[PDB]
Amino acid sequence: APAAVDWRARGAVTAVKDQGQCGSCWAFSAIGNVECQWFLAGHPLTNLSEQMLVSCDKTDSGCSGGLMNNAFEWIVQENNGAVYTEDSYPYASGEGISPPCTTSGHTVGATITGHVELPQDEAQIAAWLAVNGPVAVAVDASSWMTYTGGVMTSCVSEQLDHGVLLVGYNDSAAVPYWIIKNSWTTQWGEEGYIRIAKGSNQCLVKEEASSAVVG
Ligand SMILES: *CC(=O)[C@H](C)NC(=O)[C@H](CCCNC(N)N)NC(=O)OCc1ccccc1
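Going left to right, the sequence shown walks through residues 1 to 78, 78A to 78C, 79 to 89, 89A to 89C, 90 to 103, 105 to 136, 139 to 149, 151 to 156, 156A, 157 to 167, 167A to 167D, 168 to 193, 198 to 212 as PDB author numbering numbers them.
Set out below in structure tokens:
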């Protein structure tokens, strides 16, 4: 809070998951952010369900993509603020199809009351993150299929196409960076994670930053 913050070292982040063939990155970003926010509201870290959004959120488009802000407003406005546990509504997409929504046989693992959209400014996004926790962001991920590790320092920044989770930053590094949780298993990047240079809107990281609010 300045200097460096890694929310992984504060027990606030669940393991890296796998979206597979589904275009559900939006749901991973939105849920990942909720999981962290719920913990930080003084609740035990619980794995929550992306499948609930992919199959039940009809404000977005399942395996064809969607937006984290729409998912946040669907939870509040349509699902009474409920977020089911991953355990009671396990990921069933992956082959690239979303089975139909089942409205019962699930347990509420978390509830949100709304969401805030953060300024398009990295210094301000970092200020909020430092105190309030992980933020969901949209990024141009064009370069990311060849990311093997290290802090990227140069990234194609032409079109926002992927949703991810910002879990920290370190401005004490030789090149300050952001640390991002991705959803392409642990086999990609630094054990599922990516580090990009902070301060130059790499991969357009400041353009659509938002977060769920609990309580
Ligand atoms: C990461 C993915 O899995 C896929 C296939 N794409 C999406 O989820 C993108 C991510 C966000 C990209 N661009 C932004 N400006 N945020 N979503 C997408 O393009 O969603 C579109 C959409 C819009 C309105 C209603 C339904 C769907």
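Cβ atoms here follow ideal geometry from the backbone N, Cα and C, with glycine treated the same way.
Cβ shell of residue i (< 7 Å), same chain only, five flanking positions each side left out
i, result
"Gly128", "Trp7, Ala12, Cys36, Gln37 and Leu40"
"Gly212", "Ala41 and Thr108"
"residue 220", "It is not possible to answer for residue 220, since the shown part of the chain is limited to 1 through 212."
"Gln51", "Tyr86, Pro87, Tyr88, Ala89 and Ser89A"
"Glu83", "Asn47, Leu48 and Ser49"
"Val168", "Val148, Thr151 and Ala190"
"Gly103", "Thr46, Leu48, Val80, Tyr81 and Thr82"
"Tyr170", "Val148, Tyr166, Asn167, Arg188, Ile189, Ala190 and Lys191"
"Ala3", "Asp167A and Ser167B"
"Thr106", "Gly78C, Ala79, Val80 and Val211"
Collapsed DSSP secondary structure at residue i in the structure displayed
i, result
"residue 257", "Lying outside 1 to 212, the shown extent of the chain, residue 257 is not represented and no answer is given."
"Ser167B", "coil"
"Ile91", "coil"
"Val164", "strand"
"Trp7", "helix"
"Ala1", "coil"
"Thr179", "coil"
"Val76", "helix"
"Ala136", "coil"
"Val126", "helix"
"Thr143", "helix"
"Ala131", "strand"
"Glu112", "strand"
"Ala206", "strand"
"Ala71", "helix"
"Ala190", "strand"
"residue 213", "Since the displayed the chain opens at 1 and closes at 212, residue 213 lies outside it and no answer follows."
Integer-rounded CB distance, given that residue j should sit under 8 Å from residue i
i, j, result
"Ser29", "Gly160", "3 Å"
"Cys200", "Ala136", "7 Å"
"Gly65", "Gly20", "15 Å between Cβ atoms; not a contact."
"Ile187", "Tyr144", "6 Å"
"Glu205", "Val132", "6 Å"
"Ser55", "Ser92", "5 Å"
"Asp18", "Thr178", "5 Å"
Cβ-Cβ distance between residue i and residue j below 8 Å
i, j, result
"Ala190", "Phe72", "no"
"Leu157", "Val130", "no"
"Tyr81", "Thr96", "no"
"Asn33", "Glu117", "no"
"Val16", "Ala125", "no"
"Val154", "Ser140", "yes"
"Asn69", "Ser207", "yes"
"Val202", "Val134", "yes"
Cutoff 6 Å; reference residue i; Cβ partners in own chain excluding five residues on either side
i, result
"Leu53", "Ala27 and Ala71"
"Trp74", "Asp57 and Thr59"
Could you pull out every unbroken alpha helix (DSSP H) segment of at least 4 residues lying fully inside the segment 7-56, listed in chain order? Counting only runs of 4 or more, we get 25-40.
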